[PDB]
>>> print(open('query38.json').read())   # JSON, N, CA and C atoms
[["chain", "number", "residue", "atom", "x", "y", "z"],
["A", 1, "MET", "N", 17.34, -8.66, 10.49],
["A", 1, "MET", "CA", 17.00, -7.26, 10.83],
["A", 1, "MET", "C", 17.16, -7.06, 12.33],
["A", 2, "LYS", "N", 16.58, -7.97, 13.11],
["A", 2, "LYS", "CA", 16.65, -7.89, 14.56],
["A", 2, "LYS", "C", 18.11, -8.04, 15.03],
["A", 3, "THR", "N", 18.58, -7.05, 15.79],
["A", 3, "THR", "CA", 19.94, -7.06, 16.31],
["A", 3, "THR", "C", 19.95, -7.62, 17.72],
["A", 4, "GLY", "N", 21.13, -8.01, 18.17],
["A", 4, "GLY", "CA", 21.31, -8.57, 19.52],
["A", 4, "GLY", "C", 21.89, -7.52, 20.46],
["A", 5, "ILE", "N", 21.65, -7.70, 21.75],
["A", 5, "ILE", "CA", 22.16, -6.76, 22.78],
["A", 5, "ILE", "C", 23.23, -7.45, 23.62],
["A", 6, "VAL", "N", 24.38, -6.79, 23.73],
["A", 6, "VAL", "CA", 25.49, -7.33, 24.51],
["A", 6, "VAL", "C", 25.13, -7.33, 26.01],
["A", 7, "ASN", "N", 25.36, -8.45, 26.67],
["A", 7, "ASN", "CA", 25.06, -8.57, 28.10],
["A", 7, "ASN", "C", 25.79, -7.46, 28.89],
["A", 8, "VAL", "N", 25.02, -6.50, 29.39],
["A", 8, "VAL", "CA", 25.59, -5.38, 30.16],
["A", 8, "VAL", "C", 26.18, -5.90, 31.48],
["A", 9, "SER", "N", 27.31, -6.60, 31.38],
["A", 9, "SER", "CA", 27.98, -7.15, 32.57],
["A", 9, "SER", "C", 28.90, -6.09, 33.19],
["A", 10, "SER", "N", 30.20, -6.24, 32.98],
["A", 10, "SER", "CA", 31.18, -5.29, 33.53],
["A", 10, "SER", "C", 32.48, -5.32, 32.74],
["A", 11, "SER", "N", 32.76, -6.48, 32.15],
["A", 11, "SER", "CA", 33.99, -6.64, 31.36],
["A", 11, "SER", "C", 33.81, -7.73, 30.31],
["A", 12, "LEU", "N", 34.43, -7.55, 29.15],
["A", 12, "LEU", "CA", 34.34, -8.56, 28.09],
["A", 12, "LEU", "C", 35.55, -8.46, 27.15],
["A", 13, "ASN", "N", 36.30, -9.56, 27.04],
["A", 13, "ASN", "CA", 37.47, -9.61, 26.18],
["A", 13, "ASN", "C", 37.07, -10.07, 24.77],
["A", 14, "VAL", "N", 37.58, -9.35, 23.78],
["A", 14, "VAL", "CA", 37.28, -9.69, 22.37],
["A", 14, "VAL", "C", 38.47, -10.40, 21.74],
["A", 15, "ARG", "N", 38.21, -11.55, 21.13],
["A", 15, "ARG", "CA", 39.26, -12.33, 20.47],
["A", 15, "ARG", "C", 39.27, -12.04, 18.97],
["A", 16, "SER", "N", 40.19, -12.69, 18.26],
["A", 16, "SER", "CA", 40.32, -12.51, 16.80],
["A", 16, "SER", "C", 39.76, -13.72, 16.06],
["A", 17, "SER", "N", 39.40, -14.76, 16.82],
["A", 17, "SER", "CA", 38.85, -15.98, 16.23],
["A", 17, "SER", "C", 38.31, -16.91, 17.32],
["A", 18, "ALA", "N", 37.75, -18.04, 16.89],
["A", 18, "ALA", "CA", 37.20, -19.03, 17.83],
["A", 18, "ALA", "C", 38.33, -19.78, 18.56],
["A", 19, "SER", "N", 39.36, -19.03, 18.94],
["A", 19, "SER", "CA", 40.52, -19.61, 19.65],
["A", 19, "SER", "C", 40.96, -18.69, 20.79],
["A", 20, "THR", "N", 41.25, -19.29, 21.94],
["A", 20, "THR", "CA", 41.69, -18.53, 23.11],
["A", 20, "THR", "C", 43.12, -18.05, 22.92],
["A", 21, "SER", "N", 43.90, -18.79, 22.14],
["A", 21, "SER", "CA", 45.29, -18.42, 21.89],
["A", 21, "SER", "C", 45.37, -17.10, 21.12],
["A", 22, "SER", "N", 44.29, -16.74, 20.44],
["A", 22, "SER", "CA", 44.24, -15.48, 19.68],
["A", 22, "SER", "C", 44.57, -14.30, 20.59],
["A", 23, "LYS", "N", 44.24, -14.45, 21.87],
["A", 23, "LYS", "CA", 44.50, -13.41, 22.86],
["A", 23, "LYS", "C", 43.54, -12.22, 22.64],
["A", 24, "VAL", "N", 43.71, -11.18, 23.44],
["A", 24, "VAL", "CA", 42.89, -9.98, 23.34],
["A", 24, "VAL", "C", 43.40, -9.11, 22.20],
["A", 25, "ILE", "N", 42.53, -8.20, 21.75],
["A", 25, "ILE", "CA", 42.88, -7.30, 20.64],
["A", 25, "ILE", "C", 42.15, -5.96, 20.81],
["A", 26, "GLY", "N", 41.06, -5.97, 21.56],
["A", 26, "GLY", "CA", 40.27, -4.76, 21.78],
["A", 26, "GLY", "C", 39.17, -5.01, 22.80],
["A", 27, "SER", "N", 38.60, -3.93, 23.32],
["A", 27, "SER", "CA", 37.51, -4.02, 24.31],
["A", 27, "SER", "C", 36.25, -3.36, 23.76],
["A", 28, "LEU", "N", 35.14, -4.07, 23.90],
["A", 28, "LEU", "CA", 33.84, -3.56, 23.42],
["A", 28, "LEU", "C", 33.03, -3.01, 24.59],
["A", 29, "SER", "N", 32.12, -2.10, 24.27],
["A", 29, "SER", "CA", 31.26, -1.47, 25.28],
["A", 29, "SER", "C", 29.94, -2.25, 25.39],
["A", 30, "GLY", "N", 29.45, -2.34, 26.62],
["A", 30, "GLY", "CA", 28.19, -3.04, 26.88],
["A", 30, "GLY", "C", 27.01, -2.19, 26.41],
["A", 31, "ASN", "N", 25.90, -2.86, 26.11],
["A", 31, "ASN", "CA", 24.68, -2.17, 25.65],
["A", 31, "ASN", "C", 24.89, -1.60, 24.25],
["A", 32, "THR", "N", 25.92, -2.09, 23.56],
["A", 32, "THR", "CA", 26.22, -1.62, 22.20],
["A", 32, "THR", "C", 25.44, -2.44, 21.18],
["A", 33, "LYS", "N", 24.97, -1.76, 20.14],
["A", 33, "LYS", "CA", 24.22, -2.44, 19.08],
["A", 33, "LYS", "C", 25.17, -3.07, 18.08],
["A", 34, "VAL", "N", 24.88, -4.31, 17.71],
["A", 34, "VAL", "CA", 25.71, -5.05, 16.75],
["A", 34, "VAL", "C", 24.82, -5.88, 15.81],
["A", 35, "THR", "N", 24.96, -5.65, 14.51],
["A", 35, "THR", "CA", 24.17, -6.40, 13.52],
["A", 35, "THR", "C", 24.86, -7.72, 13.21],
["A", 36, "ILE", "N", 24.54, -8.74, 14.01],
["A", 36, "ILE", "CA", 25.13, -10.10, 13.80],
["A", 36, "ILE", "C", 25.34, -10.37, 12.31],
["A", 37, "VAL", "N", 26.41, -11.11, 12.00],
["A", 37, "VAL", "CA", 26.75, -11.42, 10.60],
["A", 37, "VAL", "C", 27.56, -12.72, 10.55],
["A", 38, "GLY", "N", 26.91, -13.83, 10.88],
["A", 38, "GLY", "CA", 27.55, -15.15, 10.85],
["A", 38, "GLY", "C", 28.06, -15.52, 12.21],
["A", 39, "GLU", "N", 28.43, -16.79, 12.35],
["A", 39, "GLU", "CA", 28.92, -17.31, 13.61],
["A", 39, "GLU", "C", 29.84, -18.49, 13.38],
["A", 40, "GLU", "N", 30.71, -18.75, 14.35],
["A", 40, "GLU", "CA", 31.65, -19.87, 14.26],
["A", 40, "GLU", "C", 32.05, -20.35, 15.67],
["A", 41, "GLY", "N", 31.90, -21.65, 15.91],
["A", 41, "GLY", "CA", 32.25, -22.24, 17.20],
["A", 41, "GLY", "C", 31.45, -21.61, 18.33],
["A", 42, "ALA", "N", 32.01, -21.62, 19.54],
["A", 42, "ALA", "CA", 31.35, -21.03, 20.70],
["A", 42, "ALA", "C", 31.48, -19.51, 20.66],
["A", 43, "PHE", "N", 31.36, -18.92, 19.48],
["A", 43, "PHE", "CA", 31.47, -17.47, 19.31],
["A", 43, "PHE", "C", 30.65, -17.01, 18.11],
["A", 44, "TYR", "N", 30.32, -15.72, 18.11],
["A", 44, "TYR", "CA", 29.53, -15.08, 17.03],
["A", 44, "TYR", "C", 30.34, -13.98, 16.37],
["A", 45, "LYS", "N", 29.96, -13.67, 15.13],
["A", 45, "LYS", "CA", 30.63, -12.63, 14.36],
["A", 45, "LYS", "C", 29.83, -11.34, 14.42],
["A", 46, "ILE", "N", 30.56, -10.22, 14.44],
["A", 46, "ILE", "CA", 29.93, -8.90, 14.51],
["A", 46, "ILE", "C", 30.80, -7.88, 13.80],
["A", 47, "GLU", "N", 30.26, -6.67, 13.66],
["A", 47, "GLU", "CA", 30.98, -5.57, 12.99],
["A", 47, "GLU", "C", 30.74, -4.26, 13.73],
["A", 48, "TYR", "N", 31.75, -3.82, 14.47],
["A", 48, "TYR", "CA", 31.67, -2.57, 15.22],
["A", 48, "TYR", "C", 32.99, -1.81, 15.13],
["A", 49, "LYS", "N", 32.95, -0.53, 15.47],
["A", 49, "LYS", "CA", 34.16, 0.31, 15.44],
["A", 49, "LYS", "C", 34.86, 0.21, 14.07],
["A", 50, "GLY", "N", 34.10, -0.13, 13.03],
["A", 50, "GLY", "CA", 34.65, -0.26, 11.68],
["A", 50, "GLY", "C", 35.47, -1.55, 11.58],
["A", 51, "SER", "N", 35.70, -2.19, 12.72],
["A", 51, "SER", "CA", 36.47, -3.45, 12.81],
["A", 51, "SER", "C", 35.54, -4.62, 13.12],
["A", 52, "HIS", "N", 36.11, -5.82, 13.11],
["A", 52, "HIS", "CA", 35.35, -7.05, 13.39],
["A", 52, "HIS", "C", 36.09, -7.91, 14.42],
["A", 53, "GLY", "N", 35.33, -8.41, 15.39],
["A", 53, "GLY", "CA", 35.90, -9.27, 16.45],
["A", 53, "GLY", "C", 34.90, -10.34, 16.86],
["A", 54, "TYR", "N", 35.43, -11.44, 17.38],
["A", 54, "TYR", "CA", 34.58, -12.56, 17.82],
["A", 54, "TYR", "C", 34.23, -12.39, 19.29],
["A", 55, "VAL", "N", 33.02, -12.81, 19.65],
["A", 55, "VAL", "CA", 32.53, -12.70, 21.03],
["A", 55, "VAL", "C", 31.71, -13.92, 21.40],
["A", 56, "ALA", "N", 31.81, -14.32, 22.67],
["A", 56, "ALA", "CA", 31.07, -15.47, 23.16],
["A", 56, "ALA", "C", 29.57, -15.21, 23.06],
["A", 57, "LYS", "N", 28.84, -16.24, 22.63],
["A", 57, "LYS", "CA", 27.38, -16.12, 22.49],
["A", 57, "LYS", "C", 26.69, -16.52, 23.79],
["A", 58, "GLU", "N", 27.36, -17.35, 24.58],
["A", 58, "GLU", "CA", 26.79, -17.82, 25.85],
["A", 58, "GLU", "C", 26.63, -16.66, 26.83],
["A", 59, "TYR", "N", 27.60, -15.76, 26.80],
["A", 59, "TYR", "CA", 27.58, -14.59, 27.69],
["A", 59, "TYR", "C", 26.46, -13.64, 27.27],
["A", 60, "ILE", "N", 26.17, -13.61, 25.98],
["A", 60, "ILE", "CA", 25.12, -12.73, 25.46],
["A", 60, "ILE", "C", 23.75, -13.39, 25.67]]
>>> encode(input="query38.json", output="structure tokens")
Amino acid sequence: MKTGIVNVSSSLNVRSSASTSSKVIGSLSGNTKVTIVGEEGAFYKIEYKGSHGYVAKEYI
């Protein structure tokens, strides 16, 4: 139930998987609400903008 808050930094690149080679695919907004839904590697799974992208958990 409890959601996580994205670290209101200044910039954050969203990948397509727990791989850097995946490259960028979209940009997420800080302070955005995301209902976590699983995790893999040094990244977590989320669902926003009707789409899904991986994000670092260490930064959050």
>>> atom_distance(input="query38.json", atom1="atom CA of residue 34 of chain A", atom2="atom CA of residue 56 of chain A")
13.4 Å
>>> closest_residue(input="query38.json", among="A:1, A:55, A:46, A:36", to="residue 18 of chain A", atoms="all atoms listed in the file")
A:55
>>> atom_distance(input="query38.json", atom1="atom C of residue 26 of chain A", atom2="atom N of residue 3 of chain A")
21.8 Å
>>> atom_distance(input="query38.json", atom1="atom CA of residue 22 of chain A", atom2="atom CA of residue 35 of chain A")
22.9 Å
>>> residues_around(input="query38.json", residues="residue 59 of chain A", least_positions_apart="5", cutoff="9 Å", atoms="only C-alpha atoms", output="JSON, numbers by chain")
{"A": [6, 7, 9]}
>>> write_last_selection(input="query38.json", atoms="N, CA and C atoms", output="mmCIF file, in the frame of the given file")
data_model
loop_
_atom_site.group_PDB
_atom_site.id
_atom_site.type_symbol
_atom_site.label_atom_id
_atom_site.label_comp_id
_atom_site.auth_asym_id
_atom_site.auth_seq_id
_atom_site.Cartn_x
_atom_site.Cartn_y
_atom_site.Cartn_z
ATOM 1 N N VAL A 6 24.380 -6.790 23.730
ATOM 2 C CA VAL A 6 25.490 -7.330 24.510
ATOM 3 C C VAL A 6 25.130 -7.330 26.010
ATOM 4 N N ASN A 7 25.360 -8.450 26.670
ATOM 5 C CA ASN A 7 25.060 -8.570 28.100
ATOM 6 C C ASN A 7 25.790 -7.460 28.890
ATOM 7 N N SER A 9 27.310 -6.600 31.380
ATOM 8 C CA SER A 9 27.980 -7.150 32.570
ATOM 9 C C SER A 9 28.900 -6.090 33.190
#
>>> residues_near_point(input="query38.json", point="(32.1, -2.7, 13.0)", cutoff="12 Å", atoms="only C-alpha atoms", output="mmCIF file with N, CA and C atoms, in the coordinates of the input")
data_model
loop_
_atom_site.group_PDB
_atom_site.id
_atom_site.type_symbol
_atom_site.label_atom_id
_atom_site.label_comp_id
_atom_site.auth_asym_id
_atom_site.auth_seq_id
_atom_site.Cartn_x
_atom_site.Cartn_y
_atom_site.Cartn_z
ATOM 1 N N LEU A 28 35.140 -4.070 23.900
ATOM 2 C CA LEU A 28 33.840 -3.560 23.420
ATOM 3 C C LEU A 28 33.030 -3.010 24.590
ATOM 4 N N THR A 32 25.920 -2.090 23.560
ATOM 5 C CA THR A 32 26.220 -1.620 22.200
ATOM 6 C C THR A 32 25.440 -2.440 21.180
ATOM 7 N N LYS A 33 24.970 -1.760 20.140
ATOM 8 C CA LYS A 33 24.220 -2.440 19.080
ATOM 9 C C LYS A 33 25.170 -3.070 18.080
ATOM 10 N N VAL A 34 24.880 -4.310 17.710
ATOM 11 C CA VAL A 34 25.710 -5.050 16.750
ATOM 12 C C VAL A 34 24.820 -5.880 15.810
ATOM 13 N N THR A 35 24.960 -5.650 14.510
ATOM 14 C CA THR A 35 24.170 -6.400 13.520
ATOM 15 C C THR A 35 24.860 -7.720 13.210
ATOM 16 N N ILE A 36 24.540 -8.740 14.010
ATOM 17 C CA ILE A 36 25.130 -10.100 13.800
ATOM 18 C C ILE A 36 25.340 -10.370 12.310
ATOM 19 N N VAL A 37 26.410 -11.110 12.000
ATOM 20 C CA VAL A 37 26.750 -11.420 10.600
ATOM 21 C C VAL A 37 27.560 -12.720 10.550
ATOM 22 N N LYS A 45 29.960 -13.670 15.130
ATOM 23 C CA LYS A 45 30.630 -12.630 14.360
ATOM 24 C C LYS A 45 29.830 -11.340 14.420
ATOM 25 N N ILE A 46 30.560 -10.220 14.440
ATOM 26 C CA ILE A 46 29.930 -8.900 14.510
ATOM 27 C C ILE A 46 30.800 -7.880 13.800
ATOM 28 N N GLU A 47 30.260 -6.670 13.660
ATOM 29 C CA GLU A 47 30.980 -5.570 12.990
ATOM 30 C C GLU A 47 30.740 -4.260 13.730
ATOM 31 N N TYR A 48 31.750 -3.820 14.470
ATOM 32 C CA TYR A 48 31.670 -2.570 15.220
ATOM 33 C C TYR A 48 32.990 -1.810 15.130
ATOM 34 N N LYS A 49 32.950 -0.530 15.470
ATOM 35 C CA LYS A 49 34.160 0.310 15.440
ATOM 36 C C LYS A 49 34.860 0.210 14.070
ATOM 37 N N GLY A 50 34.100 -0.130 13.030
ATOM 38 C CA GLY A 50 34.650 -0.260 11.680
ATOM 39 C C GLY A 50 35.470 -1.550 11.580
ATOM 40 N N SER A 51 35.700 -2.190 12.720
ATOM 41 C CA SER A 51 36.470 -3.450 12.810
ATOM 42 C C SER A 51 35.540 -4.620 13.120
ATOM 43 N N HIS A 52 36.110 -5.820 13.110
ATOM 44 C CA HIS A 52 35.350 -7.050 13.390
ATOM 45 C C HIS A 52 36.090 -7.910 14.420
ATOM 46 N N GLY A 53 35.330 -8.410 15.390
ATOM 47 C CA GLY A 53 35.900 -9.270 16.450
ATOM 48 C C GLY A 53 34.900 -10.340 16.860
ATOM 49 N N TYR A 54 35.430 -11.440 17.380
ATOM 50 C CA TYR A 54 34.580 -12.560 17.820
ATOM 51 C C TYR A 54 34.230 -12.390 19.290
#
>>> select_by_dssp(input="query38.json", residues="segment 3-49 of chain A", states="strand (DSSP E)", output="list in words")
residues 4, 5, 13, 14, 26, 27, 33, 34, 39, 40, 43, 44 and 45 of chain A
>>> closest_residue(input="query38.json", among="A:23, A:60, A:4, A:30", to="residue 43 of chain A", atoms="only C-alpha atoms")
A:60
>>> decode(input="query38.json", residues="chain A", atoms="C-alpha atoms", output="compact mmCIF listing (two decimals), in the first residue's frame")
# COMPACT_ATOMS: atom_id res chain seq x y z
CA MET A 1 0.00 0.00 0.00
CA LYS A 2 2.77 2.40 1.01
CA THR A 3 4.26 4.00 -2.11
CA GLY A 4 7.80 5.31 -2.58
CA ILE A 5 8.89 8.87 -3.42
CA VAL A 6 11.37 9.55 -6.21
CA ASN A 7 14.45 11.45 -4.99
CA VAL A 8 13.70 15.05 -6.05
CA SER A 9 17.19 15.51 -7.53
CA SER A 10 17.42 17.22 -10.95
CA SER A 11 17.77 14.50 -13.58
CA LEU A 12 17.09 10.76 -13.86
CA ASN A 13 17.49 8.41 -16.84
CA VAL A 14 15.01 5.53 -17.16
CA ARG A 15 16.20 2.22 -18.62
CA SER A 16 14.25 -0.73 -20.09
CA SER A 17 15.90 -3.34 -17.85
CA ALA A 18 18.62 -4.03 -15.26
CA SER A 19 21.16 -3.29 -18.03
CA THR A 20 22.98 -0.08 -18.95
CA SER A 21 23.14 -1.19 -22.59
CA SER A 22 19.33 -0.81 -22.66
CA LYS A 23 20.01 2.91 -23.01
CA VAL A 24 17.45 5.65 -22.31
CA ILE A 25 13.81 5.40 -23.37
CA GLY A 26 12.01 8.12 -21.39
CA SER A 27 12.35 10.70 -18.59
CA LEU A 28 10.40 10.61 -15.33
CA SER A 29 9.39 13.56 -13.15
CA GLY A 30 10.66 13.95 -9.59
CA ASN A 31 8.25 13.87 -6.64
CA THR A 32 6.06 11.54 -8.73
CA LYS A 33 4.03 8.82 -7.02
CA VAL A 34 4.78 5.24 -8.08
CA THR A 35 3.19 2.05 -6.71
CA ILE A 36 6.26 -0.25 -6.62
CA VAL A 37 5.57 -3.64 -8.26
CA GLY A 38 8.58 -5.98 -8.01
CA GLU A 39 12.29 -5.44 -8.38
CA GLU A 40 15.30 -6.84 -10.22
CA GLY A 41 19.05 -6.25 -9.77
CA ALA A 42 20.22 -2.77 -8.75
CA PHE A 43 16.84 -1.47 -9.99
CA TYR A 44 13.12 -1.46 -9.08
CA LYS A 45 9.97 -1.92 -11.14
CA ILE A 46 7.24 0.71 -11.42
CA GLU A 47 4.22 1.70 -13.50
CA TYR A 48 3.75 5.30 -14.64
CA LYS A 49 2.57 7.18 -17.74
CA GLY A 50 0.68 3.95 -18.57
CA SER A 51 4.18 2.56 -19.33
CA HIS A 52 6.77 0.70 -17.23
CA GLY A 53 10.47 1.48 -16.76
CA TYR A 54 13.31 0.43 -14.45
CA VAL A 55 14.90 2.89 -12.02
CA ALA A 56 17.82 2.76 -9.61
CA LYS A 57 16.79 2.10 -5.99
CA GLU A 58 20.00 3.53 -4.53
CA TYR A 59 19.14 6.98 -5.88
CA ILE A 60 15.68 6.72 -4.32
